[PDB]
Structures are given as structure tokens and as C-alpha cells.
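A.B. asks: If you use the entry's author numbering, the sequence shown corresponds to residues 2 to 63, 65 to 101, 108 to 117, in order.
By construction, the Cβ of each residue, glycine as well, lies at the ideal position given by its N, Cα and C atoms.
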Amino acid sequence: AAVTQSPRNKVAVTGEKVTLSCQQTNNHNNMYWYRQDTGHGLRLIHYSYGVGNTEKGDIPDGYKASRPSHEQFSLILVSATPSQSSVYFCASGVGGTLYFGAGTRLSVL
């Protein structure tokens with residue numbers, strides 16, 4: 002319970018801005034946002050090596067990220083689309099260590 006995602010569920014209407022928040026008590030330098038489609042692995046969207054830094058992952062298109071504090075890493079869908087319906091997982095870490109959140113189910117209507 003050291004990594005908390007909010008909200009745990011989100012129902013969005015196509016075109017709404019959606020911000021997913023990831024809060025940690027690990028004091029970890031790195032934070033991560035992944036998308037997990039049914040029957041696939043975790044794909045890396047954006048990550049951060051510390052406050053004020055965001056780096057594009059492997060599937061950055063149509065997401066922005068924000069690391070406003072050491073403890074928080076936000077994922078932003080500026081204009082929700084049906085193709086973004088998925089389960090999103092954030093993680094904190096350092097070196098090769100990964101500590108995952110419980111996931112956020114997103115349904116875009």
C-alpha cells in the first residue's frame with residue numbers, strides 16, 4: 002500500500018480530460034505509468050527520474067505526464083478516446099526495483 006492510485010476507476014466520455022494520480026510513500030526517485038490491455042503485458046507510457054522530469058516511454062502518444071513533487075506522478079489524457087479504455091498501473095522504483109499500484113480501470117464512452 003506504499004503506492005496509491007487515484008481514482009481506482011474512471012468512466013469518461015469521449016473528449017473529457019482525464020488525470021490519473023499516482024502517490025507513493027516509498028521515497029523512490031523514479032515513477033512510472035503503464036497501460037495493460039486485456040491479455041497483454043504492462044506497456045510503458047511515460048516515466049520520471051525525479052521531480053520536474055518526465056520522459057517518454059514506449060507508447061507515449063495521446065498521454066502527457068507530470069512529476070510535480072517527489073511523491074506524485076500524474077498521467078494526463080487531454081482528450082479521452084475509446085481506444086484509451088484500459089487498465090493503467092503506476093509504479094515507483096530505483097535501479098531495477100519496481101513497486108506497482110493496484111491499477112485504475114478506465115472506460116471511455
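Ignore the nearest five residues each way along the sequence and tell me which others in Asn-27's own chain have a CB closer than 6 Å to its CB.
C.D. replies: The answer, listed in chain order, is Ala-3, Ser-94, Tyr-101.
A.B. asks: Report the option in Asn-30, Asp-59, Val-52, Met-32 whose CA atom is closest to the CA atom of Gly-42.
C.D. replies: Of the candidates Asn-30, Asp-59, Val-52, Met-32, the one whose C-alpha sits nearest the C-alpha of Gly-42 is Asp-59.
A.B. asks: Considering just the uninterrupted stretch of the beta strand (DSSP E) at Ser-94, what are its terminal residues?
C.D. replies: It spans 88–96 - the beta strand (DSSP E) in which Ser-94 sits, taken as one unbroken run.
A.B. asks: Please list, in chain order, all residues of the same chain as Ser-81 whose beta carbon is under 6 Å from its beta carbon, the five residues on each side excluded.
C.D. replies: Once the five neighbours on either side are set aside, the close Cβ partners of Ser-81 are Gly-16.
A.B. asks: Start and end of the beta strand (DSSP E) containing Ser-68?
C.D. replies: From DSSP, the beta strand (DSSP E) with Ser-68 extends over 66–71.
A.B. asks: Measure the Cβ-Cβ separation of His-47 and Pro-70 and say whether it is below 7 Å.
C.D. replies: Going by C-beta atoms, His-47 is not nearer than 7 Å to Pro-70.
A.B. asks: Run the CB neighbour count on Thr-112, radius 10 Å, all protein chains shown included, and call it buried at 16 or more, exposed below.
C.D. replies: Looking at its Cβ environment, which holds 16 or more other Cβ atoms inside 10 Å, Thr-112 is buried.
A.B. asks: Which residue's Cα is closest to the Cα of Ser-88: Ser-22, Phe-75, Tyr-35?
C.D. replies: Closest option to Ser-88, Cα to Cα, is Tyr-35.
A.B. asks: For a quick check, are the C-beta atoms of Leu-117 and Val-19 less than 7 Å apart?
C.D. replies: Contact flag unset, no.
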